[PDB]
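Have a look at the structure below before the remarks.
2 protein chains.
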Amino acid sequence: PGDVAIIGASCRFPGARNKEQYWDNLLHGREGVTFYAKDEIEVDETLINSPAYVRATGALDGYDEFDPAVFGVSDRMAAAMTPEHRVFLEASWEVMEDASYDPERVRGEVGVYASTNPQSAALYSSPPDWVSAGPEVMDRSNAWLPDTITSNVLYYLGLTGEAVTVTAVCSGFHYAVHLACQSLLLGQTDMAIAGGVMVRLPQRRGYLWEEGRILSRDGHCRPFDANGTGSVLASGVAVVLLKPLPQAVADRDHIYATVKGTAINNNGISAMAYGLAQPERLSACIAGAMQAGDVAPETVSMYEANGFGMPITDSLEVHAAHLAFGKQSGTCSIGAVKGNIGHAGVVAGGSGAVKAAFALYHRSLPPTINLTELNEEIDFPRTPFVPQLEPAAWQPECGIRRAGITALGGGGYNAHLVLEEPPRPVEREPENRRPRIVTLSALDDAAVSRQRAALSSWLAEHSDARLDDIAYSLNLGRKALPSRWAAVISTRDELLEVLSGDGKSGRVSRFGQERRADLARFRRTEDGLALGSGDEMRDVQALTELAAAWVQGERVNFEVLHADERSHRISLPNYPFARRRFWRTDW
Amino acid sequence: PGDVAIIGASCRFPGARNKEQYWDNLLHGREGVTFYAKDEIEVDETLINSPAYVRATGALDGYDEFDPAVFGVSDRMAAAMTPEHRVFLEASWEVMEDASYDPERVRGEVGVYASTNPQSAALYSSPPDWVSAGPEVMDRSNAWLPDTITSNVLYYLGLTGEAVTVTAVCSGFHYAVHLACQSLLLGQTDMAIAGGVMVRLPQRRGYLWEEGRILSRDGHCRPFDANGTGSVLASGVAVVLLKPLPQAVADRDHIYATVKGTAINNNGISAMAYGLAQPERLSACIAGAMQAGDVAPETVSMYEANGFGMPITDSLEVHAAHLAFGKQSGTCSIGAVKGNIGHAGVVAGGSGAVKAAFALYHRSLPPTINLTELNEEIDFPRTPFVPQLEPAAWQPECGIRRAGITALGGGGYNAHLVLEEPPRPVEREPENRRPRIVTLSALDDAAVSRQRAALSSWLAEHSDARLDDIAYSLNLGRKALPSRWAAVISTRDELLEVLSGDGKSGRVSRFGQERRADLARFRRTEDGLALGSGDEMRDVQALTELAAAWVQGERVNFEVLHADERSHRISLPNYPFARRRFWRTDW
Ligand SMILES: [K+]
Ligand SMILES: [K+]
Numbered sequence: 011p012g013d014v015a016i017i018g019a020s021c022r023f024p025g026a027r028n029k030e031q032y033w034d035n036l037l038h039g040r041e042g043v044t045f046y047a048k049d050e051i052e053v054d055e056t057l058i059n060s061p062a063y064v065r066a067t068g069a070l071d072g073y074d075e076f077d078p079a080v081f082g083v084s085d086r087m088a089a090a091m092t093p094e095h096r097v098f099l100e101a102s103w104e105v106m107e108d109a110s111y112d113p114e115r116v117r118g119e120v121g122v123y124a125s126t127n128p129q130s131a132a133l134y135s136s137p138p139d140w141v142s143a144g145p146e147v148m149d150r151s152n153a154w155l156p157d158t159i160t161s162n163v164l165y166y167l168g169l170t171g172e173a174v175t176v177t178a179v180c181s182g183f184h185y186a187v188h189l190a191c192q193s194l195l196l197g198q199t200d201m202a203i204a205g206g207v208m209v210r211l212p213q214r215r216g217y218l219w220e221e222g223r224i225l226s227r228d229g230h231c232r233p234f235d236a237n238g239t240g241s242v243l244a245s246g247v248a249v250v251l252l253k254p255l256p257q258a259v260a261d262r263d264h265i266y267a268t269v270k271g272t273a274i275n276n277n278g279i280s281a282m283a284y285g286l287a288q289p290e291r292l293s294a295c296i297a298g299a300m301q302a303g304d305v306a307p308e309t310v311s312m313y314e315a316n317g318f319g320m321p322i323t324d325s326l327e328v329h330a331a332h333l334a335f336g337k338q339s340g341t342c343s344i345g346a347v348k349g350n351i352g353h354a355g356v357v358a359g360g361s362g363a364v365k366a367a368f369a370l371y372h373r374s375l376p377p378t379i380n381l382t383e384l385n386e387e388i389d390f391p392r393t394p395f396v397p398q399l400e401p402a403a404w405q406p407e408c409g410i411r412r413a414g415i416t417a418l419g420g421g422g423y424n425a426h427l428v429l430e431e432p433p434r435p436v437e438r439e440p441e442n443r444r445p446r447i448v449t450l451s452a453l454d455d456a457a458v459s460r461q462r463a464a465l466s467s468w469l470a471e472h473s474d475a476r477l478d479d480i481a482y483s484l485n486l487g488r489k490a491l492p493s494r495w496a497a498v499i500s501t502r503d504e505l506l507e508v509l510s511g512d513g514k515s516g517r518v519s520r521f522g523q524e525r526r527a528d529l530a531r532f533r534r535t536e537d538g539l540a541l542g543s544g545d546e547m548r549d550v551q552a553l554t555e556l557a558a559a560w561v562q563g564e565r566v567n568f569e570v571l572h573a574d575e576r577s578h579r580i581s582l583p584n585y586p587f588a589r590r591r592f593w594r595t596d597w
Numbered sequence: 011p012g013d014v015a016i017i018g019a020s021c022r023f024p025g026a027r028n029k030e031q032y033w034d035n036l037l038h039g040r041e042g043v044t045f046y047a048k049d050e051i052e053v054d055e056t057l058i059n060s061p062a063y064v065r066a067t068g069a070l071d072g073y074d075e076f077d078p079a080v081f082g083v084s085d086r087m088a089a090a091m092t093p094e095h096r097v098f099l100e101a102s103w104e105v106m107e108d109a110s111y112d113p114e115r116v117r118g119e120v121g122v123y124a125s126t127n128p129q130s131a132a133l134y135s136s137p138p139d140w141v142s143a144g145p146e147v148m149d150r151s152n153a154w155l156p157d158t159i160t161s162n163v164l165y166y167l168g169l170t171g172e173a174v175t176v177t178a179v180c181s182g183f184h185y186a187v188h189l190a191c192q193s194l195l196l197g198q199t200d201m202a203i204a205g206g207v208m209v210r211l212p213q214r215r216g217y218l219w220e221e222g223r224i225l226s227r228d229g230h231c232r233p234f235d236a237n238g239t240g241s242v243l244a245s246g247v248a249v250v251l252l253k254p255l256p257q258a259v260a261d262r263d264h265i266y267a268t269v270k271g272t273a274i275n276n277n278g279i280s281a282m283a284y285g286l287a288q289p290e291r292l293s294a295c296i297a298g299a300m301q302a303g304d305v306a307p308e309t310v311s312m313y314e315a316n317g318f319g320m321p322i323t324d325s326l327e328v329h330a331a332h333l334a335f336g337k338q339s340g341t342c343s344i345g346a347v348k349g350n351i352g353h354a355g356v357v358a359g360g361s362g363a364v365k366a367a368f369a370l371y372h373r374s375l376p377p378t379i380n381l382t383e384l385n386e387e388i389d390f391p392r393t394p395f396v397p398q399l400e401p402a403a404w405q406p407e408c409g410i411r412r413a414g415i416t417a418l419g420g421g422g423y424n425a426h427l428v429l430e431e432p433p434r435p436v437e438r439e440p441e442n443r444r445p446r447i448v449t450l451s452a453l454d455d456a457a458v459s460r461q462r463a464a465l466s467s468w469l470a471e472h473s474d475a476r477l478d479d480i481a482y483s484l485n486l487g488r489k490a491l492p493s494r495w496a497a498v499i500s501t502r503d504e505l506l507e508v509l510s511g512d513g514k515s516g517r518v519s520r521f522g523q524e525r526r527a528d529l530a531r532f533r534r535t536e537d538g539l540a541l542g543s544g545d546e547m548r549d550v551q552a553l554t555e556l557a558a559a560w561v562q563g564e565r566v567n568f569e570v571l572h573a574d575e576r577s578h579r580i581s582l583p584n585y586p587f588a589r590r591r592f593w594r595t596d597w
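Residue numbers (full-length UniProt numbering), protein chains in the order written: chain V, 11 to 597; chain L, 11 to 597.
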């Protein structure tokens with residue numbers, strides 16, 4: 011009914027360049043905070059020698075990297091865009107790829123809801139000057155204004171829908187996901203891109219410890235620990251693709267988890283200091299989120315907390331969560347991802363939410379790190395929560411896997427969202443042994459080779475992936491780009507063979523070098539070229555001619571190729587962005 | 011239902027310091043644009059002598075003025091706050107007063123949804139530095155971040171609810187009202203404060219005319235004119251208080267108009283140049299708003315257009331509106347308020363929405379100015395729209411008064427909302443002649459005297475206002491502030507006499523000078539002091555002693571005073587803010 015499916019995800023966090031790397035770090039209890047020597051920090055000359063200066067941060071690798079040609083953006087415009095504009099735009103491209111949806115072939119309205127930090131743009135460059143109304147001025151406005159972080163996604167991906175930017179401090183991700191779900195449940199959009207981005211400037215930087223405040227004294231974040239002194243500042247990005255659950259199952263999408271309910275409110279007049287959870291206001295938020303999804307506290311067996319790492323702030327949140335759960339809830343796993351990566355600002359709530367989605371997907375509970383002395387003031391045996399010290403298989407006595415994530419920020423911002431595990435995968439009909447076309451396209455030849463290398467590694471990692479799903483996702487879920495590569499194969503092992511080396515050992519490569527494609531063989535459709543019969547669409551020689559015509563740049567109707575089978579969209583490697591650095595030179 | 015009532019309003023625009031001044035200007039077709047001599051502009055030294063520099067702007071009087079004592083704000087914090095923070099906060103206070111709701115006594119959840127321009131914050135001062143997490147850092151962050159434009163309202167008014175800030179370029183106001191109504195219709199809040207703010211920095215500044223662009227060549231905005239060359243840049247603020255219509259009628263609120271539907275979308279890949287309306291996307295927006303409110307295009311007799319004053323932009327918008335209205339719609343009044351005040355950016359859609367709301371309230375149609383030569387390319391006789399050249403009474407053949415307001419912006423942002431006239435006023439029971447308590451409170455005695463002068467002036471203006479509504483609104487719709495004044499009167503003429511002069515000729519005033527009030531006479535309730543019996547609440551001496559106890563600083567339960575009659579909330583003068591100028595001295 012009112013459940014919303016997460017059919018694609020994309021993120022970058024300290025120590026992780028993608029979601030697969032992020033989950034692997036959480037599984038092994040790794041810490042992604044970076045410690046620097048004095049000479050490696052080239053800012054804060056006035057503070058670098060202070061005894062209170064901590065040379066630790068959660069860095070975002072490649073915060074200045076962008077591949078503007080993939081988006082049709084000039085080099086001049088790429089330098090004018092703030093890092094949050096570029097990072098979020100690249101993440102939206104990835105989330106469409108991860109969900110196996112080609113924006114050129116999406117027929118519906120797509121909403122883009124994002125949260126951003128306006129402080130970052132004000133530090134990157136001077137704002138636009140509106141003394142005149144020329145086109146170069148309008149380009150500069152779209153490069154700087156936070157309002158256009160969401161518009162640029164709609165424009166540069168070729169989508170049609172609505173774009174809304176919100177600024178909600180450290181609860182930005184939840185506020186974006188919250189508004190996306192209202193947009194879906196009211197029927198205004200068909201799918202929604204929701205997320206947030208946080209790029210702290212200056213990036214390579216420490217912080218100043220002050221006694222009794224939220225920043226850690228040694229650079230480690232120790233949530234629920236008696237000796238915790240706070241957290242570290244971090245940067246990152248997290249984007250998800252949302253779609254109503256009944257439609258997502260009908261279209262055979264790939265579902266990480268489902269969003270049951272969301273709730274937002276503000277501390278208002280009952281304000282606290284920064285990081286302190288007000289028990290009555292926050293619990294009403296947590297209770298409201300579970301009420302929206304019709305979930306009972308007995309069924310929530312994982313609680314992802316804000317957890318700065320200060321004893322007093324951890325005590326208030328666990329108490330607020332206890333008031334919302336009641337006494338009859340049972341037992342629940344509690345953890346905080348900030349111990350791994352630090353406080354990610356706008357996307358801090360996203361780091362916990364993405365952790366919960368992967369926990370539900372893999373049916374595993376990752377540990378909470380840097381925990382050596384449990385906070386005795388938090389009477390944990392007298393509460394429903396059990397600190398997840400070790401990784402463990404997720405097998406709840408409840409019978410269903412559900413998680414709750416809380417995000418706290420300054421200004422009284424509260425938010426809580428409740429996720430449920432995805433539906434059980436249906437029994438699949440056996441895979442037809444037939445020749446298939448697989449396609450890869452990028453902007454230049456070197457990027458296509460990187461796609462071949464990425465796909466060869468992926469095939470080794472995911473030995474349970476069906477070939478008909480792989481071909482279906484690559485042919486119908488990726489945009490056709492100028493530099494193209496294709497192959498006709500029948501098994502996974504020959505697919506691995508054509509990708510290997512220079513990629514030219516395949517049947518399609520010999521055809522394109524021998525002769526140019528004869529269009530008289532094909533029938534013209536509105537969606538491109540098609541083969542004359544269904545029998546030809548299972549013929550190795552006919553598929554080679556069709557694939558070679560595509561590599562040469564002709565338009566091929568891939569819908570009629572997979573019309574007889576009901577394949578599923580699966581998660582495949584993302585675009586291998588060329589990592590050029592762009593930075594403004596004039597203020 | 012699904013209809014949302016506008017029960018309070020507050021705005022400031024070029025040439026208008028309040029909504030009454032704003033409506034009076036629109037009625038008489040006045041222009042609020044300011045023209046300057048060269049020496050009056052103290053910026054743009056490189057441009058002031060260019061032949062293309064136009065010394066014209068839509069100034070916001072008092073953009074730098076604020077009264078921090080009323081809100082509990084320190085002078086240091088008032089200087090740290092951007093002008094958009096102060097102006098919007100001051101307008102939110104006024105919109106609550108206009109609706110006669112005391113935030114201290116509001117029992118429900120109030121949402122604050124506003125839109126702001128981050129370019130203004132970036133020009134006012136340098137952003138916060140988060141290298142440490144002290145309390146002074148948090149004060150600086152709350153003064154600068156656009157995210158806290160809405161949060162500061164919740165804190166400084168004493169409200170509890172949710173705050174959401176959106177950044178939507180030139181469609182900001184509509185997106186706030188759109189999101190506010192989703193909050194109400196989903197039952198997450200009980201009433202909502204929605205609006206936008208735009209303070210252009212530097213304020214006293216011209217612009218540079220370029221051929222073919224949106225900025226005017228002579229400083230005049232001429233919407234729908236054949237000789238139109240564009241518009242002028244302006245500043246302003248507009249805030250409305252929203253409440254579900256059945257609840258607003260049941261609570262006897264004062265209703266300006268009702269919101270039937272709203273719709274938003276983005277041009278996306280079907281993008282245009284700045285100010286150009288794409289026919290298919292904008293028409294879908296307008297039609298969706300009318301579909302959401304269940305209004306047929308035949309019933310809309312007023313269309314408030316974006317109307318820059320450019321022939322090409324006016325042609326595209328009227329054509330897009332034509333696609334949404336259809337052929338069989340009939341006739342409709344068309345106008346553009348930008349001819350009066352210029353393009354107010356974030357709140358530009360608010361000026362048009364406020365114009366439409368007051369047009370429905372007063373059943374009058376204000377003219378569109380600076381229109382001498384009609385644009386022949388728009389062919390108005392072939393459209394349902396007729397330019398409102400003269401002021402006229404609104405008497406539609408349809409039978410119901412409905413208006414549609416459009417907001418266009420950069421980045422492809424589109425928005426449209428449809429308003430209906432308020433419900434017809436119910437038949438009132440005859441007014442009982444009995445002694446009533448009237449109250450006025452401010453922070454010091456001089457402000458209370460200004461309140462008395464404003465109220466006596468107001469009584470001459472509105473001779474049809476009932477005395478039981480005035481007392482009900484003053485006693486239950488205003489916050490109790492330290493410096494207090496009260497009187498016990500029975501007619502409207504007695505009220506005018508006690509207000510005149512020093513205000514000490516009244517029964518309560520002479521009581522306070524002689525003796526202090528004896529608190530044993532009253533019964534303490536959860537909401538304050540109350541009279542002992544029902545017969546006591548109609549005794550002049552009993553009411554006089556209770557009012558003096560209130561003037562002495564006691565808290566009085568005014569609900570039990572008006573429990574026997576069903577009075578209405580009415581619009582009374584706002585607080586007389588003492589406006590000291592605040593501006594930052596260190597970048
Ligand atoms: K940097
Ligand atoms: K709520």
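Each residue gets a CB set at the ideal place from its N, CA and C atoms; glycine is no exception.
Between the Cα of residue i and the Cα atoms of the options, which residue gives the shortest distance?
i: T554 of chain V; options: V:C231, V:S519, V:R40 and V:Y585; result: V:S519
i: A588 of chain V; options: V:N485, V:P145, V:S473 and V:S459; result: V:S459
i: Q213 of chain L; options: L:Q562, L:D54 and L:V448; result: L:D54
i: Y73 of chain V; options: V:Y585, V:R262, V:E30 and V:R22; result: V:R22
i: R65 of chain V; options: V:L243, V:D474 and V:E383; result: V:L243
Less than 8 Å between the beta carbons of residue i and residue j, yes or no?
i: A88 of chain L; j: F76 of chain L; result: yes
i: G355 of chain V; j: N162 of chain V; result: no
i: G171 of chain L; j: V122 of chain L; result: yes
How about residue i: is its C-beta nearer than 8 Å to some C-beta of chain V?
i: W404 of chain L; result: no
Just checking: is the beta-carbon of residue i within a distance shorter than 8 Å of some beta-carbon in chain L?
i: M148 of chain V; result: yes
i: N152 of chain V; result: yes
Closer than 8 Å, CB to CB, is residue i near chain C or not?
i: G303 of chain L; result: You won't find chain C in this structure, because its protein chains are V and L.
Residues, ordered as in the chain, of the segment 216-234 of chain L that lie near chain V by beta-carbon distance below 7 Å: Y217, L218, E220, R223, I224 and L225
List in chain order: all unbroken alpha helix (DSSP H) runs of 4+ residues lying wholly within the segment 464-519 of chain V. 477-486 and 502-509
Using a Cβ-Cβ cutoff of 9 Å, what residues of the segment 306-331 of chain V are near chain L? List them in chain order. none
Listed from N- to C-terminal order along the chain, which residues in the segment 192-217 of chain V have their beta-carbon within a distance smaller than 9 Å of any beta-carbon of chain L? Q192, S193, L195, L196, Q198, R210, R215, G216 and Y217
Looking at chain L, which residues of the segment 272-284 of chain V have a Cβ within less than 9 Å of any of its Cβ atoms? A273, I274, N275, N276, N277, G278, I279, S280, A281, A283 and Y284
Using a Cβ-Cβ cut-off of less than 9 Å, list which residues of the segment 160-171 of chain V approach chain L; keep chain order. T160, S161, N162, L164, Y165, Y166, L167, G168, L169, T170 and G171
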